[PDB]
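Chemist: quick one, fold the following:
(7 chains, ligands or ions: 39)
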Amino acid sequence: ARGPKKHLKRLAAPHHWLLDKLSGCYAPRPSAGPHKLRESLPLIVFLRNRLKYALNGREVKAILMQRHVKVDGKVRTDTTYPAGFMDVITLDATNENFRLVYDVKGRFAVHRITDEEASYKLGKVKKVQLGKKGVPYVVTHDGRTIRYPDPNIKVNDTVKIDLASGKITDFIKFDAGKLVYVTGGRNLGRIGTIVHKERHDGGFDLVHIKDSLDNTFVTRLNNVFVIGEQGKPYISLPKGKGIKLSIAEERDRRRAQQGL
Amino acid sequence: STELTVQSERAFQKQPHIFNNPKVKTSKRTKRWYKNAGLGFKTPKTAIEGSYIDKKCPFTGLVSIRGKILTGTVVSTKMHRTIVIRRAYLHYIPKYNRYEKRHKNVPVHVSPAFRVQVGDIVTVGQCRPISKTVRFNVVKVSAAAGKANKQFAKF
RNA sequence: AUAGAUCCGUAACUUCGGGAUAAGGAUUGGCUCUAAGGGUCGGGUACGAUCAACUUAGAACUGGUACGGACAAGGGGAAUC
RNA sequence: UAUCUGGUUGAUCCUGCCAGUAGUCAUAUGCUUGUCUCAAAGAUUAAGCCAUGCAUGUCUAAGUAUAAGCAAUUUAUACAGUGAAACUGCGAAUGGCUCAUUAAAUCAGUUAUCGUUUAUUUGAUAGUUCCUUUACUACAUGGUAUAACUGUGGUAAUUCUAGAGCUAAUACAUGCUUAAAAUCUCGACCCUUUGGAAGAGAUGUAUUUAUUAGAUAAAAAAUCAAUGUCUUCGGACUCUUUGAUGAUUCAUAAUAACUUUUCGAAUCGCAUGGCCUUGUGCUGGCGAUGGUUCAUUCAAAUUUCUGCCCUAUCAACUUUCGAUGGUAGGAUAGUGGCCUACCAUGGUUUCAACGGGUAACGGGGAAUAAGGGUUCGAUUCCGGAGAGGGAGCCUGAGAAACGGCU
RNA sequence: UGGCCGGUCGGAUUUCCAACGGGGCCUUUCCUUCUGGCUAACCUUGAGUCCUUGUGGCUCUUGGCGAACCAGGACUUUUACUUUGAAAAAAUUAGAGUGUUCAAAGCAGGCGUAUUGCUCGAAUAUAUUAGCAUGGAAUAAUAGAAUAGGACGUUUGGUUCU
RNA sequence: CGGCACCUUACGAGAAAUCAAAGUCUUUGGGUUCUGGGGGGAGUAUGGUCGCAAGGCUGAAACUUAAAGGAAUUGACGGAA
RNA sequence: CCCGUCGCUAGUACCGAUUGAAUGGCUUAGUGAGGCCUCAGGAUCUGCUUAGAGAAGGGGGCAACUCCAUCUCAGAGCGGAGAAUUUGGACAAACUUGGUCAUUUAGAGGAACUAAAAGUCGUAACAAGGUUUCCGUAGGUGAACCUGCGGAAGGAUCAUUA
Ligand SMILES: [Mg+2]
Ligand SMILES: [Mg+2]
Ligand SMILES: [Mg+2]
Ligand SMILES: [Mg+2]
Ligand SMILES: [Mg+2]
Ligand SMILES: [Mg+2]
Ligand SMILES: [Mg+2]
Ligand SMILES: [Mg+2]
Ligand SMILES: [Mg+2]
Ligand SMILES: [Mg+2]
Ligand SMILES: [Mg+2]
Ligand SMILES: [Mg+2]
Ligand SMILES: [Mg+2]
Ligand SMILES: [Mg+2]
Ligand SMILES: [Mg+2]
Ligand SMILES: [Mg+2]
Ligand SMILES: [Mg+2]
Ligand SMILES: [Mg+2]
Ligand SMILES: [Mg+2]
Ligand SMILES: [Mg+2]
Ligand SMILES: [Mg+2]
Ligand SMILES: [Mg+2]
Ligand SMILES: [Mg+2]
Ligand SMILES: [Mg+2]
Ligand SMILES: [Mg+2]
Ligand SMILES: [Mg+2]
Ligand SMILES: [Mg+2]
Ligand SMILES: [Mg+2]
Ligand SMILES: [Mg+2]
Ligand SMILES: [Mg+2]
Ligand SMILES: [Mg+2]
Ligand SMILES: [Mg+2]
Ligand SMILES: [Mg+2]
Ligand SMILES: [Mg+2]
Ligand SMILES: [Mg+2]
Ligand SMILES: [Mg+2]
Ligand SMILES: [Mg+2]
Ligand SMILES: [Mg+2]
Ligand SMILES: [Mg+2]
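Modeler: Residues are numbered from 1 along each chain as shown, chains lettered A, B, ... in the order given. Ligands and ions are numbered 1, 2, ... in the order given. For reference, the structure is listed below:
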């Protein structure tokens, strides 16, 4: 009550952060930023827990205040900066770049990309609108206002942002037969192609997505992120490619990989 | 609804920011603003061609239909431009594996584009709060025959 | 001491008629207004002149918070024989 | 983990309860208690009262340092390191505790904002600043007025402060310089009409009102009122620009103005490059902090649908004094009887309204587990509510805040 | 599911088939249309059955059921039920993995050369009602054409609107 | 065909007496209303309502208690045969 | 075997004069603090200014009724901030009286019930319980009860087409 909340309880954190139940009563509440609180990953959770580069939060602060990390080409010395989907994290020492993409279990994966791919990102168009003095702007899924877009860019399209000069290099329409990265729900992290979009004027347009193994699934259009054509994605996909093997095929993979 | 005293109040009843220019006589008499409410709800020709005002009408007024689209039997047309509908349903008690008849009384604003009476099935749509109890407008009336053509007397 | 009038509110008990003006409480002048409440007068083989009475309700303003301004005008309640 | 047994009789078979029996993240108590791991714990009764101490403060290269503080000699006689105090900024609205209130209320799942406010973050964003231009007053940079401090005091006492003397700012109050065009409006000189021009003002963005645009399923022709860009005056005519939504009076743009006129950088650190009329001239980097509007994020507020225990020894309730609705206003951040004014007489109810009780905060959940159920949930997570009871408010983006005030 | 070249010392295969479970089409066939492109598994088939077999290959087919779906529809009987799918926070419950020395638990951990480190994980299910989307059309309601204000439509008028 | 009943049997039911319904019930669901939850206290107290009254309808609790009761068997007893 | 009246003892509720008492709601009416909004107020504490000594060219100027300018004091020039105080509102604590609801409780005394089996009196019921019992109603009686009227068999008769 009475104002904005500043603490996140552990067990009230997002589950994909994979924080242990014990070892403290609180979770790192993400700062305000480009991504929503339950659909982002703070830098302390990325550095301390995923990469294991820091043992404490004191060491995460000691890493960030030397201006080592940079998210989307800018330094971001906050401990709980909300690095969400599509975000490129460059660590200049260790010479590596990560792209925050989901794994197929619904969790942000440690996914190392190249320095060429670290020079851009993708952004789902949230609105196309006319700003003041009659200037068209487009808003992506990470809060970026980009002025003077292509007039063919509509909502649910995907733009390619250049991360140094934040312009639209090119874009991908929302048509049947283009790759999807599912960014929400129980189908989160899955990758497939649009069969068709079911309209439902009034609310919650649905998308029927079919993956490479011909498994169709239905997802709301808030959770659909176009990443490329049929095949040939504009980003580099993580290990697993968004296939969602069942648990029987998962233990079959584990027994076929650990026996040598 | 081109009659029955539009200017019945102490204020001049007009649609706001709709201007009838007296210097240049318009080709169409008394310019009217209307809209389609959306969701396949046809704006009636009485709403298009009438003379009523009704600032809470979903077609000629300033409200927008968004949210739930309910359906109910009219039980009371005893207010001015507001009806009460009965939304009867069935509630499931899981102990007895059985249902019970229930009902809810929903007060709905009605435009004078629609002529409704007790017994009509109306389709209502959620709008912003119209009054203390009213959050819905009638957007469609679904009683054309109503078995009310053969009751009259014969020779 | 109470008291007229208007509005509110009214218990036990009862023979259901009362008790009851129960008890108890607000308002009340002046002035300027407003709104309702009528009678007679014409139609094609939807509306106006005109006349008049005092009742009621409301509002603003106003004053040494006065106003049933003199007069007139119930004190009430719980019980017993 | 689908189980029964003792007790009515002289004996019997039943109904039937009593008693046994077994769990309890279910409390208390008795006796006893060696080791390891884990761990609840003033909820029930008294949301009763509180001694004391603590729990909210915070400074980086980067707002203000003349401490008459400490320490050191450097582009450093403006300052330069560090720094009490104090001003400014931000936070104090989170956390923590408790369950008193509360029975469609909170709350849960689900919607809505085309009905709103939103600090911060993140992204975008500001050449227009002249009162009535032929009356501008520094921009190589305006002003005073205060703390800290000094010094003089009052009270028994308080995180009480008074009088006097100083001095700062990213405090307070003012104020400025940045194209080049277009388009309107006014307009001393076009005579025989389809006959124009100097030079003046205005146009950023906020606020408020009014008006306009914000189009659009297809195709030809007919005179005209006047032609419209330009004529081979036959008359060629192509093209005007229109985004979004299921939907708008949306976004946005335009016109006329309006405004105890909002914003449009008089701020700070580090580095000191580049050019030639070598003037400490013109340019110039990486940041910090501000700042208008939009978007985003964190939210907030309100809201659709459906769901709550017992009670009829509660059957009618609401409408005086807003109860249901309409119109208009006010108020609000905004919808709305939220409030006001004038009208209408509605609205809820045996599908249980209204009232009464609750030793009731709601939920995720917990105990018992054939299945169905029954009972518990003050309590580690979510939401609400509260700070002894009520009420009122200040500051602020956010409080009707109580380790804020009245 | 396999079912037999058992040729891998009782383990690929499958018109050799049966039992299930779906979708079409035709049987008088109940479900819609109209605006413009997808040129239907090109209705057709110049090129042609060069490929050898039979029937598993009929192609740049002559305009082609332009019907392989996008938005404003002469466009609408409403429900209950049930299937499926999004949602129903985490902790908890059930449960997978993992010698916390066991276990309750925890989400760890495991493997080299310990020299420039490699790597699997943190699954899954249930979460009941109500709301959303979707398949079914039994069961149970509901509505239609009876003073015909009934349907169509290749008719022909008229009015009025855009 | 409809009715008041009756006799035999026990398919079945029941604790049994007995029942053509008291059957079609652990192989438990044709539709519906009312009522009961060990015996007393108690149909009492109180409230409401009806009645002229008598009372009628509705209707507890504190407390107390290990049985009360139903059907049948054997005995005993009968101012029963 | 059993039933009542009466009798001691203990316990539990009920009625009960006491306008009994207490607590907590809600509420009419009266008084009504405080802050907030508002009509006023103006302690002060100030910048410019004079047409009057104000010992001060009105800043290109001391002749075309003409190009932003200060000091003692009076002010006839203004303008801003602004405390105490104060007017009217809406919000409204809290107090007084009255109303009603929910809960708790003192109470002389009365009428019951149970513990409860043994006391005194009788023997109502169980046998045809010695008047068959039991229900409804009415009256009477020390008490179980008796009597009337209608009913039932749970009777002591399933029966006299004898
Ligand atoms: Mg809190
Ligand atoms: Mg944080
Ligand atoms: Mg209204
Ligand atoms: Mg009186
Ligand atoms: Mg009296
Ligand atoms: Mg008066
Ligand atoms: Mg015995
Ligand atoms: Mg027991
Ligand atoms: Mg040891
Ligand atoms: Mg204590
Ligand atoms: Mg306590
Ligand atoms: Mg401060
Ligand atoms: Mg901050
Ligand atoms: Mg208004
Ligand atoms: Mg309004
Ligand atoms: Mg009113
Ligand atoms: Mg409580
Ligand atoms: Mg059981
Ligand atoms: Mg609970
Ligand atoms: Mg709880
Ligand atoms: Mg409690
Ligand atoms: Mg809490
Ligand atoms: Mg609070
Ligand atoms: Mg206390
Ligand atoms: Mg308090
Ligand atoms: Mg603050
Ligand atoms: Mg408070
Ligand atoms: Mg405290
Ligand atoms: Mg606090
Ligand atoms: Mg284990
Ligand atoms: Mg017969
Ligand atoms: Mg009983
Ligand atoms: Mg009775
Ligand atoms: Mg009685
Ligand atoms: Mg009996
Ligand atoms: Mg017996
Ligand atoms: Mg006595
Ligand atoms: Mg006898
Ligand atoms: Mg006898």
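Chemist: okay, now residue 117: neighbour count?
Modeler: All of this refers to chain A. Neighbour count for residue A:117, taken as other C-beta atoms under 10 Å in any protein chain shown: 15. To be clear about C-beta, it is placed using only N, CA and C from the backbone, and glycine gets the same treatment.
Chemist: hmm, no, I was thinking of chain B.
Modeler: Around residue B:117 there are 12 other residues, counting by other C-beta under 10 Å.
Chemist: SS state for the residue in chain B sticking out farthest from the centre?
Modeler: Relative to the mean C-alpha coordinate of chain B, counting by C-alpha atoms, centre = their mean, the farthest residue is residue B:95 (40.2 Å). Secondary structure state of residue B:95, per DSSP: H, G, I helix; E, B strand; the rest coil, is coil.
Chemist: swap in residue A:60?
Modeler: helix.
Chemist: give me the residues contacting stretch A:138-147.
Modeler: Stretch A:138-147 is contacted from outside by A:33-35, A:84-87, A:123-129, A:131, A:135-137, A:149, A:153, A:159, A:161, A:166-168, A:183, A:225, using C-beta atoms under 8 Å, 6 or more residues apart in numbering or on different chains.
Chemist: in chain B, which residue sits nearest RNA strand D?
Modeler: Nearest to RNA strand D, among the residues of chain B, is residue B:38, at 2.6 Å (C-beta to the nearest atom of the strand).
Chemist: oh, I was asking about chain A
Modeler: residue A:3 (1.9 Å).
Chemist: distance of that residue from residue A:42?
Modeler: 22 Å (C-beta to C-beta, to the nearest Å).
Chemist: who's more crowded, these two?
Modeler: Ranked by neighbour count (other C-beta under 10 Å), residue A:3 and residue A:42 place residue A:42 first, with 28 against 5.
Chemist: isn't residue A:18 up against residue A:109?
Modeler: No - counting by C-beta atoms under 8 Å, residue A:109 is not a contact partner of residue A:18; they are 11.4 Å apart.
Chemist: more neighbours, these two?
Modeler: Applying other C-beta under 10 Å to residue A:18 and residue A:109 shows that residue A:109 carries more neighbours, namely 18 against 12.
Chemist: who's in contact with stretch A:108-119?
Modeler: Outside of stretch A:108-119, the residues within contact range by C-beta under 8 Å, 6+ apart are A:16, A:41, A:46, A:50-51, A:88, A:90, A:96-103, A:162-164, A:235-236, A:238-239.
Chemist: ok, how many other residues are close to residue A:214?
Modeler: Counted with other C-beta under 10 Å, residue A:214 comes out at 7.
Chemist: so it, which of the three states?
Modeler: At residue A:214 the chain is in coil, as set by three-state DSSP.
Chemist: quick one, phi psi at it?
Modeler: When quoted as degrees, to the nearest 10, the phi and psi of residue A:214 stand at phi 60, psi 40.
Chemist: show me the helices in the chain, by range?
Modeler: Since no chain was named, I'll use chain A. Remark: helices assigned in chain A by DSSP state H are A:43-44, A:58-64, A:247-258.
Chemist: meant chain B actually
Modeler: Under DSSP H, chain B gives helices at B:45-49.
Chemist: quick check: closest non-adjacent residue to whichever residue of it sits closest to chain A.
Modeler: Taking C-beta to the nearest C-beta as the measure, chain B has residue B:39 as its residue closest to chain A, at 5.5 Å. Nearest residue to residue B:39, sequence neighbours excluded (C-beta to C-beta, 6 or more residues apart in numbering or on different chains): residue A:202, at 5.5 Å.
Chemist: and the closest residue to residue A:81 other than its chain neighbours, how many neighbours does it have?
Modeler: Among residues not flanking residue A:81 along the chain, residue A:43 sits closest, at 5.0 Å (C-beta to C-beta, 6+ apart). By other C-beta under 10 Å, 26 other residues sit near residue A:43.
Chemist: contacting residues for residue A:43?
Modeler: Shown here is residue A:43, whose contacts under the criterion C-beta under 8 Å, 6+ apart are A:60, A:64, A:69, A:71, A:76, A:78, A:79, A:80, A:81, A:83, A:89.
Chemist: also near RNA strand E: which of these, exactly?
Modeler: Among the contacts of residue A:43, none lies close to RNA strand E by the criterion of C-beta under 7 Å from any atom of the strand.
Chemist: buried stuff in stretch B:56-67?
Modeler: For stretch B:56-67, a neighbour-count test (16 or more other C-beta atoms under 10 Å in any protein chain shown) marks B:56, B:57, B:58, B:59, B:60, B:61, B:63, B:65 as buried.
Chemist: and the residues you listed as JSON lines, adding distance to ligand 2?
Modeler: As requested, those are exported to JSON lines (distance: C-beta to the ion, whole Å):
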{"residue": "B:56", "distance to ligand 2": "45"}
{"residue": "B:57", "distance to ligand 2": "48"}
{"residue": "B:58", "distance to ligand 2": "45"}
{"residue": "B:59", "distance to ligand 2": "48"}
{"residue": "B:60", "distance to ligand 2": "50"}
{"residue": "B:61", "distance to ligand 2": "46"}
{"residue": "B:63", "distance to ligand 2": "41"}
{"residue": "B:65", "distance to ligand 2": "40"}
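Chemist: closest one of these to residue B:28?
Modeler: Nearest to residue B:28 out of the buried residues of stretch B:56-67 is residue B:60 (C-beta to C-beta; 15.4 Å).
Chemist: got a list of what that closest one touches?
Modeler: Counted by C-beta under 8 Å, 6+ apart, residue B:60 has contacts B:15, B:32, B:33, B:34, B:35, B:47, B:50, B:52, B:53, B:54, B:111, B:113.
Chemist: cool, thanks, signing off.
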